[PDB]
Amino acid sequence: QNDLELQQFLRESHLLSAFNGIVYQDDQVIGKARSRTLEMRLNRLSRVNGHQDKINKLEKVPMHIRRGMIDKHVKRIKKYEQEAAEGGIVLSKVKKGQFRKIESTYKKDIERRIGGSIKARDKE
Amino acid sequence: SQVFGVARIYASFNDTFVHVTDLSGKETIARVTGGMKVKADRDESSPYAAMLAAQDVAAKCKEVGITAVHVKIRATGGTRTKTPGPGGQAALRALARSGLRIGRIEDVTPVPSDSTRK
Amino acid sequence: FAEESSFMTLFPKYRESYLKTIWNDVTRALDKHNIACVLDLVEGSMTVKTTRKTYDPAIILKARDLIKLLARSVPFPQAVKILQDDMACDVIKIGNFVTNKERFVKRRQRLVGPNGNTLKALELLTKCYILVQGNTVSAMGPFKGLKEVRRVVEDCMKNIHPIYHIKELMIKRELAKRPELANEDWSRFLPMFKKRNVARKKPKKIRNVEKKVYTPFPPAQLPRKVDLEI
Amino acid sequence: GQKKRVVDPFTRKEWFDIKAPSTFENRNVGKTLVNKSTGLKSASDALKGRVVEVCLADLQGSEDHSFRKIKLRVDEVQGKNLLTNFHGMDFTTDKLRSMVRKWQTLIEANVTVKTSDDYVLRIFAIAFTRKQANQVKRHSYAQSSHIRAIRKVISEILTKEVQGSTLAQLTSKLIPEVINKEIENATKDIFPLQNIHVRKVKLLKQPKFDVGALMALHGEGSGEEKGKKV
RNA sequence: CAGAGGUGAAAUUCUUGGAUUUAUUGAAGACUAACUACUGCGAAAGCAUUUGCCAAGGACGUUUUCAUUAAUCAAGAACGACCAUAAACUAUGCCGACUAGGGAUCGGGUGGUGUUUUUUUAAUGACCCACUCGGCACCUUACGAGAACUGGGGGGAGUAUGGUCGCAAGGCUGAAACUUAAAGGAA
């Protein structure tokens, strides 16, 4: 649990597979994997002491296209987890209001624009 | 016009067995495994070793007078992997390329049917 | 050529709207190997047949594995990587390992991982494609990767956590990419050997020798004050 | 140490060919090696215990028997011919793996029946619960009392098909798959039941030899042969 | 006939007194594969081959019977000298005295009126549809004070230290009372 390289590889296994034997260790990680890997590490370090209204700033997207982004992403999520549920496939478990993180989440960089959950419904 | 043996290719990991017997299975014609052709002790399962073993199998089967083989391809089975190693398709390909006609490919690995694990 | 070979799997009903879509790509990817294939949508089956023009004797086996991968619900660009020689399947069996359903689903969810991290790191290290479905584990890959994922999954159904195997896989990759140390044993470098079996109960066995014989007949109950007065 | 020097063991080998019983079509199935007929283990008793596993498609000319391999036991040698008798029947594993689908039940039965000869046979049966046409629920399970009743009528009518057959009559009965049609007709009163099969027939004990009965299964024959010309 | 395991490679091990592979057969101890499910049953731990026996249990059906026999739980009871063993390890959710639903599924019942079934041997199916009762779940909705195998210091992230308790430097070794050999180190 206190191995740092192992746990960093574990939680950055998704975007290494999205933007790739394979390389995982820094001093061998080429561009978009390197930028998003370093950004993920800096977010995870800064989420302890930084304020929750200041650490995860969403990109300013207009209303009628951010809502369509969210609706198409939720359609992808529902189709994926419904296909896996009618198959046998065991999926990882998410919380109640969060978005399920899928391959299009990691490739399309969708969580910078839509967040991890609708925080108005999370607040209410 | 053909004379038929059977192939009995047992392709585990770590080794492959190309073992032509007669139509009953009681009399053998040139069992040569993979680890006896070229042994680095880890290339025994390799497609090169399976091709060498099937090639001199087919040499001795053409010597005795067998023109075709019914292929029975098995894995280690049991309470284990059930998938044929890298040598099974290579031994089959080398048996077909070295003159022998192929018939009746079938998968006779021992599915354990309620096994003895726990 | 050969005489005739014909394999057939049969697929669950929900898959047919996907298989109907991808089916022309299957016919392209097999007609380059001279293998016919039908998709029956009334009996719900997929058959592959060796035609008159098949000079590869062993490719009907990989076509069989391809159609049962399509039945076991891996997608098409993942599943046509089975038609090449360096890649094969494995179907690990995890149902027959532990007794209670709670411990079974918790060890299987441990095999998947938090957010899928353990499973995705395993796919990356072993170069395989792994599906934890139901009470079995499908996997596609090279044979060294298949050996690795089979030992990982079976030891994960036994009690040892899979991130120990992920750690030793990373250690073994960075230990195999040096030219020396390739004929020495790596057991001093692997932290997998824990030596955690270090308890031994040593009581006096007071009741545990022979206590509490079993009788099938119950004792009577303490009656109420109403019963004690009537 | 010192191992051995080779002396070629295919100079002392003798070729026999295997004549199948006349409850089949084309009856030359192949050839068989045995050591040369010397005194102290003659070849005609080095044989007589060998079973061969042939394909019913190869024995019957068609290809709808491409599964369903059978076993022929060598009984009597005459004149470089091995006359065989029926020894068992078995599916290939791929056939019943191609039949098993989830969201149905497999009812399988077996009975140990002694025929009109004194052969005793363990004969099996598999059947899978169909769904009717217009059925919209995805399950089509049997309610397990329908399983017990179906398995009851399976056991009764196939132990009626044996005892009312000899081995030759039973073999000619189960070549054109018609005991399956008897099971289907007798069971459609309970559940629909797709693809009933027999799948496996095992000999357990065999009565005696009766060379006359075997030669009446095949055909006659007796030789006065050559004479030495001095 | 000369190797077989096994490994990332190896090795312990077996093997020309024939291992591994193949075929026939026997014996043993387990286990009940696929079918196998966000299905079933059980008070829970748990329970998967067939057939039979033994008692049991639940839901439904009932214009049967008794007539308050009832609900909750501290206490107590039931279940849970030889051969040596693993459990947890990323998780989740707002609760109850609470309204309605929706789709799917399991067991029973009623009605409909088509297809599989079928006939003067007994009774008995399967599917479709609506309704209804009871379950295992799932997806939602509306509305409520929801108060009155034992041992515990006090937040998270850090920073400084003239206090107290420790651990730690030197400097070629031999080699000090001896400016001392051999040998080694270093450059």
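Cβ atoms come from the backbone with ideal geometry, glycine included; neighbour counts cover every protein chain shown. What follows draws every value from the coordinates through simple rules; no lab data is involved.
Under 5 Å between amide hydrogens, built in the peptide plane, is the criterion, and for D:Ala125 it picks out D:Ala109 among residues at least 5 positions away or on other chains. Once you keep just the Cα pairs under 8 angstrom separated by 6 or more residues, what percentage relative contact order results for chain B? Relative contact order for chain B comes out at 29 percent. Each 10 Å bin, from zero up to the one with the longest distance, holds this percent of the alpha carbon pairs of the range C:59-175: 14, 46, 31, 10, 0.
Taking Cα atoms only, the orientation of helix B:47-64 departs from the longest principal axis of chain B by about 40 degrees. Computed over the range D:27-117, the P(r) tail beyond 22 angstrom holds 48 percent of alpha carbon pairs.
Summary of the geometry: the range A:1-66 and the range C:38-94, compared by the centres of their Cα atoms, lie 38 Å apart. Here the contact order of chain C, divided by its residue count and restricted to Cα pairs under 8 Å and six or more residues apart, works out to 14 percent. The residue list C:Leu190, B:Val32, D:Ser22 was ranked by how far each Cα lies along the charge dipole of the protein assembly as shown toward its positive end, using unit charges on Cβ atoms, and C:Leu190 comes out on top. What the phi angles of the range B:5-20 give under the Karplus curve with 6.51, -1.76 and 1.60, with θ = phi - 60°, is a coupling list of x, 10, 8, 6, 7, 10, 10, 8, 7, 6, 5, 9, 10, 10, 9, 6 Hz, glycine and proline written as x.
For chain D, the relative contact order comes to 18 percent (Cα pairs under 8 Å, sequence separation of at least 6).
Residue farthest toward the positive end of the dipole of chain C, with Cβ of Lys/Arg at +1 and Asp/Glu at -1: which of C:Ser17, C:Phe143, C:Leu39? Comparing the listed Cα positions along the dipole, C:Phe143 ranks first. Summary of the geometry: the range B:14-83 and the range C:104-147, compared by the centres of their Cα atoms, lie 32 Å apart.
Given axes a ≥ b ≥ c from the Cα gyration tensor, I'd like to know whether chain A is rounded (a/c under 1.5), prolate (a/b larger than b/c) or oblate. The shape class here is oblate. In order along the range D:223-229, the Karplus-derived 3J(HN,Hα) couplings, from 6.51 cos²θ - 1.76 cosθ + 1.60 at θ = phi - 60°, round to x, 10, 9, 9, x, 7, 9 Hz, and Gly and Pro are given as x.
Under a model in which nothing but the beta-carbon of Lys, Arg (+1) and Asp, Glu (-1) is charged, chain B shows a dipole of about 180 debye around its Cα centre. Dividing the Cα radius of gyration of the protein assembly as shown by its Kirkwood radius returns 1.05 for Rg/Rh. Taken about its Cα centre, the range C:1-144 carries a charge dipole of about 680 debye when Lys and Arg each add +1 at the Cβ and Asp and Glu each add -1 at the Cβ.
Candidate membrane-span-like segments in chain C, meaning DSSP H helices with Cα atoms spread over at least 15 Å of their own axis and a Kyte-Doolittle mean of -0.5 or above, are C:59-71, C:143-157, C:162-176, with no membrane implied.
So for chain A, taking the charge dipole from beta-carbon charges (+1 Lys/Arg, -1 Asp/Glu), which of A:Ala120, A:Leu4, A:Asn49 sits furthest toward the positive end? Going by the Cα projections, it comes out as A:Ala120. Counting beta carbons within 10 Å around each of A:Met63, C:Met46 and listing the fewest first gives the order A:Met63, C:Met46.
Kirkwood analysis of the Cα pair distances in the range D:15-172 returns a hydrodynamic radius of 18.5 Å. Each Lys and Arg Cβ is given +1 and each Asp and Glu Cβ -1; about its Cα centre, the protein assembly as shown then shows a dipole of about 3380 debye.
Restricting the calculation to Cα atoms, chain C shows an Rg/Rh of 1.22 when the hydrodynamic-style radius is the Kirkwood one.
Over the Cα atoms of the range C:184-223, each weighted equally, I'd like the Debye log10 I(q)/I(0) at q = 0.16, 0.24, 0.31 Å⁻¹, rounded to two decimals. Per q value, in the given order, log10 I(q)/I(0) is -0.73, -0.93, -1.06. Taken one residue at a time, the phi angles of the range C:218-230 give Karplus couplings (6.51, -1.76, 1.60, θ = phi - 60°) of x, x, 6, 9, 5, x, 6, 4, 4, 5, 5, 8, 6 Hz. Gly and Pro are set to x.
Taking only the Cα atoms of the range D:88-230, the radius of gyration and Dmax are 20.6, 87 Å. Scattering from chain B was approximated by placing one identical point on each alpha carbon and applying the Debye formula without solvent; log10 I(q)/I(0) at 0.15, 0.19, 0.21 1/Å stands at -0.60, -0.90, -1.06. Convex hull volume of the Cα atoms of the range C:140-187, normalised per residue: 89 Å³.
P(r) for the range B:25-64, from all Cα pairs and a bin width of 5 Å, is 6, 27, 26, 19, 14, 7, 1 %, short bins first.
With the helix formula -39500 (n - 2.57) applied to DSSP H stretches of n ≥ 4, the protein assembly as shown reaches a computed 222 nm mean residue ellipticity of -10500 deg cm²/dmol.
Rounded to two decimals, the Cα-based Rg/Rh of the range D:103-168, with Kirkwood Rh, is 1.13.
Could you work out how far helix B:87-97 tilts from the main Cα principal axis of chain B, as a 0 to 90 degree angle to the nearest 10? Relative to chain B, helix B:87-97 is tipped by roughly 10 degrees.
Relative protection proxy for D:33-39, B:51-57, D:181-187, from highest mean packing down: B:51-57, D:181-187, D:33-39 (other beta-carbon atoms within 10 angstrom).
Across the range C:11-65, the fraction of Cα-Cα pairs farther apart than 18 Å, rounded to a whole number, is 32%. When chain D is treated as a GNM with alpha-carbon contacts under 10 Å, the residue of D:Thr11, D:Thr23, D:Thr105 showing the greatest mean-square fluctuation is D:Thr11.
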